[PDB]
Amino acid sequence: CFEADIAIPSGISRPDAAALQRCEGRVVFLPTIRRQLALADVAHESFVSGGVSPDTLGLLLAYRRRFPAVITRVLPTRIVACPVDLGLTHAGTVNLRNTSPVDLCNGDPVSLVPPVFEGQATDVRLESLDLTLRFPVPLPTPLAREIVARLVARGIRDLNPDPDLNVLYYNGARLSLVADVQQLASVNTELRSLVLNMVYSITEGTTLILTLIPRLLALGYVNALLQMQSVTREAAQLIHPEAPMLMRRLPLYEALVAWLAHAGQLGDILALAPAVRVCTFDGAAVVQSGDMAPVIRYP
Amino acid sequence: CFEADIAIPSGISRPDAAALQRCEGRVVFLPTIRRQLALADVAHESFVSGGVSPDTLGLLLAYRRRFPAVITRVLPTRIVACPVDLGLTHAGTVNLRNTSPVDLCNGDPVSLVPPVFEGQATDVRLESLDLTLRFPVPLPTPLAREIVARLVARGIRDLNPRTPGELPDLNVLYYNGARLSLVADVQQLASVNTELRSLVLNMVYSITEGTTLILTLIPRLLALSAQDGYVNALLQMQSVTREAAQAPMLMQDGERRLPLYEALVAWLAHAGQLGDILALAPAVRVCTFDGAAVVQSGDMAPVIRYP
Amino acid sequence: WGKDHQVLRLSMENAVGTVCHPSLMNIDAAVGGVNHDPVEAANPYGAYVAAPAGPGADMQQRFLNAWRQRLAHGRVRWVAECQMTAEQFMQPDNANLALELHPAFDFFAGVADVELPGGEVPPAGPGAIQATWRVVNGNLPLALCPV
Amino acid sequence: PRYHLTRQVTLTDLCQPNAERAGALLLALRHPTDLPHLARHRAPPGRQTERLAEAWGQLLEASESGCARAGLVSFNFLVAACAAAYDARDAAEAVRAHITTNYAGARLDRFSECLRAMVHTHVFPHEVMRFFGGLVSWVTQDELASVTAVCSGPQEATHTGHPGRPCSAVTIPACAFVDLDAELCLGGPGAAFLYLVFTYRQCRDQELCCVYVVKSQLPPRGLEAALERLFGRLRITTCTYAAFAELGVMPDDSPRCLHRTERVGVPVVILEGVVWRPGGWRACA
Amino acid sequence: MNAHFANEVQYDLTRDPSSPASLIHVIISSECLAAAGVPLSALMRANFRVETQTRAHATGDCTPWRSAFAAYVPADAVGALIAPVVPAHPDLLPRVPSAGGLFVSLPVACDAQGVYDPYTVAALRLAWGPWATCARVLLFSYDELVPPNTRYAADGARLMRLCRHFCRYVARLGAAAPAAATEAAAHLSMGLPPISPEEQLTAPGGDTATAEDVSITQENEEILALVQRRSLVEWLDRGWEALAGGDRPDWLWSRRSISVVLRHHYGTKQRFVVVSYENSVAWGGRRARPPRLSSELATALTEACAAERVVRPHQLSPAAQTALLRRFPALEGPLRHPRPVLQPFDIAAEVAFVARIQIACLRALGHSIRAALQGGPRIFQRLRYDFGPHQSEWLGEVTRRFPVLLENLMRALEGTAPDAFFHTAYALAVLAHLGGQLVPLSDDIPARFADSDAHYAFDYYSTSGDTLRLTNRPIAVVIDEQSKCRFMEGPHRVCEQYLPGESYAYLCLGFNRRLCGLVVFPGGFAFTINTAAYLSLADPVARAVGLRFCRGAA
Amino acid sequence: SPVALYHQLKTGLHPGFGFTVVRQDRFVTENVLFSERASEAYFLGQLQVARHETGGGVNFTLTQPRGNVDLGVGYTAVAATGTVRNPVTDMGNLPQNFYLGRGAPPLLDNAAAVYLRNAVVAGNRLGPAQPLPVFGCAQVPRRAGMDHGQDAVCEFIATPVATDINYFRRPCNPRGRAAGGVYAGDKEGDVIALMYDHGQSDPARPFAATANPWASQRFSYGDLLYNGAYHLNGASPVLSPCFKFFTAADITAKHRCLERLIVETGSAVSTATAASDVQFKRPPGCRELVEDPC
Amino acid sequence: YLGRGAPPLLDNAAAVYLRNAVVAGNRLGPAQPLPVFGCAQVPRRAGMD
Amino acid sequence: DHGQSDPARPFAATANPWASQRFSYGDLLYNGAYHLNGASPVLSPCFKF
């Protein structure tokens with residue numbers, strides 16, 4: 001466990017005190033693991049990286065970088081959180097607040113960005129000292145990997161326009177991804193940099209491989225076994241893409257590292273690895289929105 | 001820890017007993033899970049295969065099928081090692097030694113790389129027990145993923161000559177400054193070839209049917225180039241993207257399969273996994289308790305679990 | 001006798017699992033290990049095959065005059081018809097003792113490199129120590145199989 | 001904290017742990033009322049997606065959900081239902097003589113149709129029926145269920161010796177001698193690393209299903225190339241075959257066994273003492 | 001099987017534009033290798049590399065050596081395709097045995113609207129190892145290789161016997177067949193002896209367009225009439241998918257159309273097999289890209305010389321020459337070249353290309369031996385070997401023995417075959433020098449032969465008895481008034497252990513990249529020879545020589 | 001041929017030559033140990049263990065250190081040997097199977113060797129079922145019952161028939177020539193000289209050189225079978241009796257200072273195992289503490 | 001060029017000509033250039049006085 | 001390394017190209033790796049530099 005303290009700063013109001021009473025059991029990110037911490041390491045204003053507000057890329061860099069902490073008991077003058085990342089595996093049971101999907105008896109939930117859901121939901125602001133606590137969303141591993149690839153696919157059809165990607169049933173429920181009225185116009189400008197990252201790593205590599213493999217095999221165990229498991233797959237992709245597209249070794253192999261350098265970035269960026277597990281005891285095995293859940297430490 | 005010991009088998013060179021003292025916090029690759037094991041499978045003579053020693057890409061493949069272990073405490077009788085693959089259950093955060101020219105960060109994932117540096121060989125020699133020791137160099141993982149792409153592509157240039165002898169060396173590295181030159185001495189072919197094939201075969205499956213619609217927007221990329229900052233910096237100069245610019249192909253069956261959404265899945269399946277299938281898996285993460293934001297070269301950093 | 005007042009029997013059908021493996025015909029390292037430190041010209045009368053030349057009518061008077069020289073030179077490898085048994089086992093009188101190695105084979109000083117179905121007069125000079133193959137059991141020498 | 005308890009309340013329409021053993025390798029049924037939808041999605045359109053809409057719907061016919069959701073899948077329920085599928089017949093089929101005499105093939109026959117129907121529309125049975133644990137207690141009612149079958153690390157196979165002084169409890173059967181695939185005949189001393197692999201054959205054996213456990217002293221990075229080798233079911237081209245997750249560590253290779261006595265004579269392997277690292281799945285190739 | 005299939009993946013090359021090609025499956029059997037000079041034991045010891053290059057008949061250059069595949073399987077090589085072997089079920093198809101050999105398909109030079117050029121040779125090379133002694137060369141013209149049509153009529157009797165043998169295997173074995181195999185048997189009995197694969201060669205039936213054979217039958221069975229008034233192949237897949245348990249694309253074309261044609265070899269009177277499947281992109285396949293072959297040159301130059309009874313087309317009439325030249329324009333080479341380095345219109349035109357080089361070097365040898373040995377010589381010595389006191393009387397013979405050798409060396413240089421001469425040191429030392437006027441074949445040349453002129457390379461002949469060669473390997477001994485010898489760096493041959501001229505009963509004979517050779521006798525008594533003053537090899541003659549005998553090093 | 005020699009013996013006919021048999025019985029004895037008064041040292045230490053808590057307490061071992069020297073400059077306190085309890089492994093008829101392990105190039109006529117494959121290994125007690133995988137032991141089967149004791153291994157070496165029976169009326173070396181590292185005179189080259197150089201005579205039987213030249217010389221048929229360098233067996237866990245005799249390194253590996261020679265005979269490690277149905281060659285983790293004068 | 005927020009030139013022939021004309025050797029000059037995620041990597045020189 | 005500037009004067013690489021560079025005329029004369037001078041008693045003052 002090793003409970004860590006976050007210091008409440010000076011004079012706040014009772015609704016600012018009540019804002020601290022509506023967050024008992026949320027998820028909090030922090031840079032270092034000092035046993036006494038302040039609120040200045042917590043806020044969304046502490047996420048500035050280039051002088052501007054971070055995007056969902058700029059958050060997911062930090063959301064994979066800094067450290068999760070879960071507030072067990074709220075306090076005046078302190079914030080007690082028993083942090084997840086310390087402790088041995090499957091010990092130190094902690095309690096979370098669900099958001100609209102289930103969080104079943106297993107699932108290994110993952111912290112991720114707020115604007116994939118309602119952006120000014122869970123962006124809880126302190127009014128007196130004027131800071132913003134944008135709490136991440138704890139989604140389980142199948143659906144968390146599902147919704148992350150859909151809006152960036154929806155960003156493509158929103159990029160250069162001329163089915164509807166947004167229905168996405170759960171096991172029982174119909175999950176309305178679209179919060180239309182004011183959010184989706186802010187969606188395609190807050191995942192704005194991120195869509196370019198999913199695109200440029202595809203346009204580079206595919207246009208690199210179609211001048212790599214024809215430059216390979218004649219420049220032999222990898223030669224004949226290139227299309228051995230790719231018979232009528234890669235040569236068919238050589239038949240389909242190389243015809244309706246365009247067609248240099250020393251810049252090429254220089255571009256080989258650079259794309260694959262960007263590839264190793266995105267794997268750390270994407271895919272939303274599990275950090276904490278739901279595997280409770282004597283529950284109804286099914287969590288609802290706004291209800292607590294016993295959550296155990298390691299995947 | 002699930003304690004694992006390695007004894008001091010036979011004799012001691014009396015200064016070299018002190019050489020085992022200053023290796024506290026380093027990494028031993030032992031290819032087992034033992035309660036006791038000899039020191040013969042530890043050293044680089046065990047890393048040498050039948051007749052031939054591995055290259056720095058073969059040592060990646062040699063560090064593939066062995067098990068790293070942390071030096072915990074050094075006795076004159078034994079050396080207690082903690083099995084990284086299982087026994088990382090340490091709230092005490094069993095400590096490691098940074099032997100690397102890079103001052104890291106706080107919060108880096110740390111993966112292990114063979115000694116390939118020009119001046120940090122990590123060569124310590126035992127002559128009473130005739131063994132050679134190469135300690136791995138712990139590094140931050142994006143800097144680790146910047147290295148393995150160089151060394152395979154340098155061995156890609158070991159297959160084809162063609163070009164004039166002035167090649168880009170793939171031997172100048174960049175971390176905030178800090179010009180790094182590494183060693184290019186020998187490139188064994190099978191370590192290059194099997195690493196090259198998985199670079200080919202994974203990039204095969206990472207293209208799908210709905211992937212092809214994205215290829216149409218390649219001239220759309222340069223339309224953002226002369227009208228912003230972010231895109232123009234994203235578009236590299238030494239890229240084929242600026243070179244290839246100088247269409248649905250209808251085939252539409254059913255059209256309720258989400259073809260664009262299915263493209264980003266299997267692309268991420270194999271092209272999304274390119275650092276870890278070529279190199280070692282990261283399981284070491286920088287975590288200092290005192291609030292220190294960086295960890296000096298030679299320091300003892302506390303180590304936490306899988307990133 | 002067993003571990004009782006019990007009788008036991010060992011046949012030579014007993015020997016089925018040992019003599020019948022395909023290692024009886026495994027003499028690769030044998031010819032190689034004996035080959036270095038060579039042997040001189042052992043005037044190879046019986047250690048060389050000639051291809052035929054001309055009619056058979058005069059073929060003696062070829063070979064009479066062709067081996068007129070390296071026939072009275074020394075002796076052939078066999079002298080053991082005069083040798084009694086264990087005179088082969090003793091260190092003197094058998095320089096060919098270190099040449100009897102396999103029950104199924106022969107190591108003898110033959111010609112070096114000339115392919116066998118060819119030529120008449122082989123080039124006496126350096127020698128070679130190779131094989132032939134023992135065909136039937138009677139080819140064992142008569143100090144090892146008594147008459 | 002090297003002792004844990006987990007609990008899920010389901011039906012005995014599934015496993016019936018009173019008909020099971022003390023040691024069974026239970027699966028959950030996560031996303032249980034799912035897959036009419038993902039039958040339609042994630043597949044190329046030459047798969048005729050109206051199959052799994054009825055296929056699981058015939059399963060719960062044999063088994064209204066109510067307030068006791070369909071879950072806690074046994075280890076037996078996949079072996080015998082794939083016994084006619086994979087390359088073992090009349091020995092894997094002895095698991096069917098274990099189920100139908102103790103549990104019921106009525107629920108198997110609807111689900112063996114699902115094992116040809118789930119794999120049909122690329123709805124692969126990995127990441128559904130997620131791992132739950134080793135069936136500690138069975139505080140179930142008559143027709144309903146309440147099981148504690150702890151997840152959460154090594155403590156499931158430690159908390160087996162302490163409760164009963166005589167012999168051993170659970171002791172983690174393999175439930176088929178065909179199962180516990182004896183990989184690494186190249187034998188040496190160490191610890192065992194257990195995994196749960198679903199090997200497929202897509203349109204060759206008409207959407208094959210397979211459930212068995214591997215035996216290796218191998219890392220996850222030394223297991224994927226071990227998943228490319230030793231197979232003869234490569235003859236496919238769709239793709240993404242041979243998923244696997246970590247069943248965890250058996251930190252002893254000395255305590256494996258060879259038996260045929262359980263509960264119908266079914267071959268069975270005793271495995272005493274296991275670090276149950278719950279692991280993660282992977283399916284790309 | 002798959003060596004015929006994987007070479008088609010090299011026929012799937014396509015990409016960058018070049019003269020368009022074909023591919024012919026050619027199965028050499030046992031005695032066509034054995035009569036060639038191929039040891040069948042050494043290739044029996046399945047994927048094997050074959051270095052191939054193609055050669056025109058009239059003039060021009062050759063292809064560089066192309067790495068190909070092979071499958072050398074001792075079996076009934078015709079019967080193994082026809083009756084394959086399941087590991088569980090080897091008696092799925094009992095058959096009649098036959099001879100066997102290597103499975104190699106070979107590519108074909110064509111044209112745009114391909115008219116293949118006969119007399120033009122593709123050259124095989126089997127490499128047992130690195131050395132030229134571990135090498136043979138094979139000759140194949142397109143007259144030898146290309147039939148006009150195949151014989152898929154023999155495929156008609158084969159396929160229904162397959163369905164009867166699925167009707168034969170389940171009825172014998174019974175309930176031991178699994179659930180997918182007990183179905184597909186009786187689905188082949190509602191659709192209607194061993195299989196001898198050799199009868200598909202010897203039954204006189206082939207291909208026909210059959211459109212003339214429908215009208216010849218429609219006007220034959222209407223006489224008749226006026227006076228009067230899922231398939232089985234889909235059940236063959238489950239026949240394999242249950243008995244094997246998998247797809248096996250090796251066996252997938254054993255169910256489809258297979259033609260097995262017999263032809264013959266113009267070099268050693270041998271037989272071999274021409275094969276085409278249905279689904280092969282190779283020649284004779286029924287899935288193939290145009291352009292294909294045209295048997296037009298094999299009918300033009302024949303019938304213009306057969307109807308005119310012109311026995312040799314240099315005796316062709318001048319209008320009968322140029323009218324063929326107005327038809328087919330690639331024949332200006334073999335009809336209108338003053339001295340083509342390849343002989344026009346002969347069978348052994350590639351063989352007579354070789355025998356000149358065998359001749360022209362011997363005169364370059366024979367008039368150079370006379371050059372350093374014009375009169376009474378003074379040779380005194382060149383090496384350092386000291387004597388015992390009675391050892392000089394051995395050289396008392398070498399005075400008397402001497403002059404009979406230099407005839408019999410040159411007699412043996414005549415006495416070798418030129419095919420057996422190219423494995424010796426002098427035939428490759430010239431290639432190390434003709435590449436210097438390029439790496440010659442088999443890489444017998446070390447890495448340091450091309451450094452100095454002091455790196456020589458020897459052969460060894462027997463002095464006494466018969467004057468015979470005592471090597472396989474050119475033994476390259478580095479030589480320093482006096483100069484002592486030194487070897488180079490490094491399956492067991494007797495004489496290869498000594499220094500040159502070190503002992504009796506050895507003649508030593510070394511050569512250079514400078515092509516100034518040595519003749520080393522025992523006792524230091526040696527002398528250089530300027531054979532470079534006698535090698536008269538014309539470069540346009542020699543440029544077809546080197547390209548067939550060099551290897552482009554990577 | 002090996003095929004013909006399979007085909008002569010089952011009929012029963014003497015195939016031109018003979019053999020010799022080398023096997024290993026094993027005897028549990030009750031020894032007697034006299035000692036002198038003051039010989040050993042044997043000190044004592046301290047007793048505490050609070051080890052790793054394994055659940056419901058660690059349960060509190062307490063180990064103690066000791067140690068002991070040979071307080072005596074001579075051969076104090078020695079030994080005896082007097083009784084024969086029971087002959088643990090039987091006097092037995094059980095032959096040797098060379099098809100147990102992979103060691104040799106097979107026949108190239110593959111139709112012949114697979115005929116002779118099961119022809120030899122029809123029903124040997126040392127004959128496996130489901131034969132050799134790539135790595136691993138042959139897995140010698142288990143018969144349903146065993147009565148007299150552990151089984152013997154009767155390995156055979158080809159001999160000419162025309163030797164003396166006088167040799168073998170003595171405890172002699174079965175290879176036909178003295179081989180052990182006792183007889184050499186410390187001239188650094190005589191060890192292998194008596195072993196293979198048959199220019200000299202036998203140290204044992206000096207009027208001759210060998211007794212079986214097929215068993216004696218380098219690369220002979222005796223030397224080709226059981227040499228440790230060639231390692232024909234090594235997959236098969238059946239212990240060779242003849243492995244002990246035929247090893248060029250191991251006899252040469254021994255010293256010759258007599259003080260250490262005799263005390264190793266009091267406690268040597270055998271190559272056999274008294275915990276297995278056959279002479280399974282000694283498992284690498286176990287001790288045996290044999291006497292072994294051979 | 002340490003920053004990247006500015007929209008660049010539209011002609012590419014002026015884009016990476018004027019970019020590397022300045023950056024070419026500056027004490028503040030971004031070598032191994034600006035990653036989308038990462039830092040500008042200011043060239044630290046060997047000695048500073 | 002003239003890719004990095006002078007630590008003494010950061011706005012310039014060196015102040016002399018003829019001596020300060022490797023294999024330049026200063027290093028040819030006065031570095032002791034060549035010792036063009038020295039079998040000689042007279043002290044080169046520039047040996048230390």
# chains A, B, ... in the order shown; residues from 1 in each chain; ligands from 1

call {"tool": "interface_residues", "arguments": {"of": "chain H", "to": "chain G", "cutoff": "10 Å", "atoms": "only C-alpha atoms", "output": "list in words"}}
result
residues 1, 3, 4, 5, 6, 7, 8, 9, 10 and 11 of chain H

call {"tool": "write_last_selection", "arguments": {"atoms": "N, CA, C and O atoms", "output": "JSON list (two decimals), in the first residue's frame"}}
result
[["chain", "number", "residue", "atom", "x", "y", "z"],
["H", 1, "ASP", "N", 36.93, 18.14, -32.49],
["H", 1, "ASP", "CA", 35.64, 18.11, -33.17],
["H", 1, "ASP", "C", 35.19, 19.54, -33.40],
["H", 1, "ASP", "O", 34.78, 20.26, -32.49],
["H", 3, "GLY", "N", 32.63, 20.30, -35.12],
["H", 3, "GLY", "CA", 31.19, 20.34, -35.16],
["H", 3, "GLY", "C", 30.70, 21.07, -33.94],
["H", 3, "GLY", "O", 29.67, 21.74, -33.97],
["H", 4, "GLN", "N", 31.43, 20.94, -32.84],
["H", 4, "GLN", "CA", 31.18, 21.74, -31.67],
["H", 4, "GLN", "C", 32.13, 22.94, -31.72],
["H", 4, "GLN", "O", 33.23, 22.86, -32.26],
["H", 5, "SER", "N", 31.71, 24.06, -31.16],
["H", 5, "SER", "CA", 32.47, 25.29, -31.29],
["H", 5, "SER", "C", 33.55, 25.34, -30.22],
["H", 5, "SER", "O", 33.77, 24.38, -29.48],
["H", 6, "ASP", "N", 34.24, 26.47, -30.12],
["H", 6, "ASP", "CA", 35.23, 26.69, -29.08],
["H", 6, "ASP", "C", 34.54, 26.93, -27.76],
["H", 6, "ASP", "O", 33.61, 27.73, -27.69],
["H", 7, "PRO", "N", 34.94, 26.24, -26.69],
["H", 7, "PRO", "CA", 34.41, 26.60, -25.37],
["H", 7, "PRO", "C", 34.84, 27.98, -24.92],
["H", 7, "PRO", "O", 34.11, 28.64, -24.17],
["H", 8, "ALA", "N", 36.01, 28.43, -25.36],
["H", 8, "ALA", "CA", 36.44, 29.78, -25.02],
["H", 8, "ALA", "C", 35.61, 30.83, -25.73],
["H", 8, "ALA", "O", 35.24, 31.84, -25.13],
["H", 9, "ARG", "N", 35.33, 30.63, -27.01],
["H", 9, "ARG", "CA", 34.55, 31.57, -27.80],
["H", 9, "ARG", "C", 33.48, 30.79, -28.51],
["H", 9, "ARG", "O", 33.72, 30.19, -29.57],
["H", 10, "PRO", "N", 32.27, 30.74, -27.95],
["H", 10, "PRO", "CA", 31.24, 29.85, -28.49],
["H", 10, "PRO", "C", 30.73, 30.25, -29.84],
["H", 10, "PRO", "O", 30.19, 29.41, -30.56],
["H", 11, "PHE", "N", 30.88, 31.51, -30.21],
["H", 11, "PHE", "CA", 30.47, 32.02, -31.51],
["H", 11, "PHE", "C", 31.46, 31.69, -32.62],
["H", 11, "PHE", "O", 31.32, 32.23, -33.72]]

call {"tool": "residues_around", "arguments": {"residues": "residue 47 in chain H", "least_positions_apart": "6", "cutoff": "7 Å", "atoms": "only C-alpha atoms", "output": "PDB file with C-alpha atoms, in the first residue's frame"}}
result
ATOM      1  CA  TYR H  30      54.285  19.866 -32.452  1.00  0.00           C
ATOM      2  CA  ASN H  31      52.339  16.811 -31.317  1.00  0.00           C
ATOM      3  CA  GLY H  32      54.643  14.205 -29.885  1.00  0.00           C
TER       4      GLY H  32
END

call {"tool": "select_by_dssp", "arguments": {"residues": "chain C", "states": "strand (DSSP E or B)", "output": "NGL selection string"}}
result
:C and (109-110 or 128-129)

call {"tool": "residues_around", "arguments": {"residues": "residue 63 in chain A", "least_positions_apart": "2", "cutoff": "10 Å", "atoms": "only C-alpha atoms", "output": "short mmCIF file (atom, residue, chain, number, x, y, z; two decimals) with N, CA and C atoms, in the first residue's frame"}}
result
data_model
loop_
_atom_site.label_atom_id
_atom_site.label_comp_id
_atom_site.auth_asym_id
_atom_site.auth_seq_id
_atom_site.Cartn_x
_atom_site.Cartn_y
_atom_site.Cartn_z
N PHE A 29 -3.33 10.97 -11.06
CA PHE A 29 -2.00 10.81 -11.64
C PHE A 29 -1.03 11.77 -10.97
N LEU A 30 0.19 11.30 -10.69
CA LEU A 30 1.20 12.12 -10.02
C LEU A 30 2.60 11.84 -10.54
N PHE A 47 -0.24 19.60 -16.48
CA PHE A 47 0.01 18.75 -17.63
C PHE A 47 0.55 19.52 -18.82
N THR A 56 -5.38 14.87 -26.42
CA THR A 56 -5.51 13.49 -25.98
C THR A 56 -4.24 12.69 -26.26
N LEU A 57 -3.43 13.12 -27.23
CA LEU A 57 -2.07 12.59 -27.33
C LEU A 57 -1.22 13.07 -26.16
N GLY A 58 -1.25 14.38 -25.90
CA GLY A 58 -0.41 14.95 -24.86
C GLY A 58 -0.78 14.47 -23.47
N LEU A 59 -2.03 14.05 -23.29
CA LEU A 59 -2.40 13.39 -22.05
C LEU A 59 -1.92 11.94 -22.03
N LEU A 60 -2.13 11.21 -23.13
CA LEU A 60 -1.76 9.79 -23.15
C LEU A 60 -0.26 9.57 -23.16
N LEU A 61 0.53 10.59 -23.50
CA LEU A 61 1.95 10.52 -23.18
C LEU A 61 2.16 10.50 -21.68
N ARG A 65 3.01 7.85 -18.70
CA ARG A 65 4.22 8.24 -18.00
C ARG A 65 4.09 8.27 -16.49
N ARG A 66 3.25 9.14 -15.95
CA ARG A 66 3.23 9.31 -14.51
C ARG A 66 2.33 8.25 -13.88
N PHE A 67 2.12 8.38 -12.58
CA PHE A 67 1.80 7.23 -11.75
C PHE A 67 0.38 7.31 -11.21
N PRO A 68 -0.39 6.23 -11.28
CA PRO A 68 -1.76 6.27 -10.78
C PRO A 68 -1.82 6.19 -9.26
N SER A 111 -6.96 3.16 -17.08
CA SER A 111 -7.11 4.61 -17.06
C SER A 111 -6.85 5.14 -18.47
N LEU A 112 -7.69 6.07 -18.92
CA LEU A 112 -7.56 6.70 -20.23
C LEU A 112 -8.23 8.07 -20.24
N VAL A 113 -8.20 8.72 -21.41
CA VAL A 113 -8.55 10.13 -21.55
C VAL A 113 -10.01 10.44 -21.23
N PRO A 136 -9.20 10.49 -15.03
CA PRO A 136 -9.26 9.58 -16.18
C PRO A 136 -10.40 8.59 -16.03
N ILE A 269 2.28 4.56 -26.84
CA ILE A 269 1.14 5.47 -26.80
C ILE A 269 -0.16 4.68 -26.75
N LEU A 272 -3.33 0.84 -24.48
CA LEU A 272 -3.92 1.02 -23.15
C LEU A 272 -3.74 -0.15 -22.19
#

call {"tool": "residues_around", "arguments": {"residues": "residue 28 in chain G", "least_positions_apart": "6", "cutoff": "10 Å", "atoms": "only C-alpha atoms", "output": "PyMOL selection string"}}
result
(chain B and resi 177) or (chain G and resi 1-2+40-44)

call {"tool": "residues_around", "arguments": {"residues": "residue 192 in chain F", "least_positions_apart": "6", "cutoff": "10 Å", "atoms": "only C-alpha atoms", "output": "list in words"}}
result
residues 179, 180, 181, 184, 248, 249, 251 and 252 of chain F

call {"tool": "write_last_selection", "arguments": {"atoms": "N, CA, C and O atoms", "output": "short mmCIF file (atom, residue, chain, number, x, y, z; two decimals), in the first residue's frame"}}
result
data_model
loop_
_atom_site.label_atom_id
_atom_site.label_comp_id
_atom_site.auth_asym_id
_atom_site.auth_seq_id
_atom_site.Cartn_x
_atom_site.Cartn_y
_atom_site.Cartn_z
N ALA F 179 45.67 -52.30 -19.18
CA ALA F 179 45.24 -50.98 -19.61
C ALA F 179 45.23 -49.94 -18.51
O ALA F 179 45.24 -48.74 -18.81
N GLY F 180 45.19 -50.35 -17.25
CA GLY F 180 45.00 -49.40 -16.16
C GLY F 180 46.23 -48.57 -15.89
O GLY F 180 47.36 -48.89 -16.26
N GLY F 181 46.01 -47.46 -15.18
CA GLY F 181 47.06 -46.51 -14.88
C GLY F 181 47.90 -46.87 -13.68
O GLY F 181 48.45 -45.99 -13.01
N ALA F 184 52.16 -48.02 -15.31
CA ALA F 184 53.03 -47.06 -15.96
C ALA F 184 54.09 -46.54 -14.99
O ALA F 184 53.87 -46.47 -13.78
N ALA F 248 39.63 -43.59 -23.15
CA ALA F 248 41.01 -43.17 -23.32
C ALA F 248 41.36 -42.08 -22.32
O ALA F 248 42.51 -41.97 -21.89
N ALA F 249 40.38 -41.28 -21.93
CA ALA F 249 40.66 -40.16 -21.04
C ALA F 249 40.74 -40.61 -19.59
O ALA F 249 41.67 -40.25 -18.87
N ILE F 251 41.05 -43.44 -17.53
CA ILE F 251 42.20 -44.12 -16.94
C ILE F 251 43.42 -43.22 -17.00
O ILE F 251 44.19 -43.12 -16.04
N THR F 252 43.58 -42.50 -18.11
CA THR F 252 44.67 -41.54 -18.22
C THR F 252 44.45 -40.35 -17.29
O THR F 252 45.41 -39.72 -16.83
#

call {"tool": "select_by_dssp", "arguments": {"residues": "range 102-276 of chain F", "states": "alpha helix (DSSP H)", "output": "number ranges by chain"}}
result
F: 110-120, 190-195, 213-216, 221-226, 250-253, 258-266

call {"tool": "interface_residues", "arguments": {"of": "chain D", "to": "chain A", "cutoff": "7 Å", "atoms": "only C-alpha atoms", "output": "VMD selection string"}}
result
chain D and resid 1 5 to 9 31 to 34 37 152 to 153 237 279

call {"tool": "atom_distance", "arguments": {"atom1": "CA of residue 237 in chain A", "atom2": "CA of residue 216 in chain B"}}
result
14.6 Å

call {"tool": "closest_residue", "arguments": {"among": "B:102, B:38, B:178, B:144", "to": "chain H", "atoms": "only C-alpha atoms"}}
result
B:178
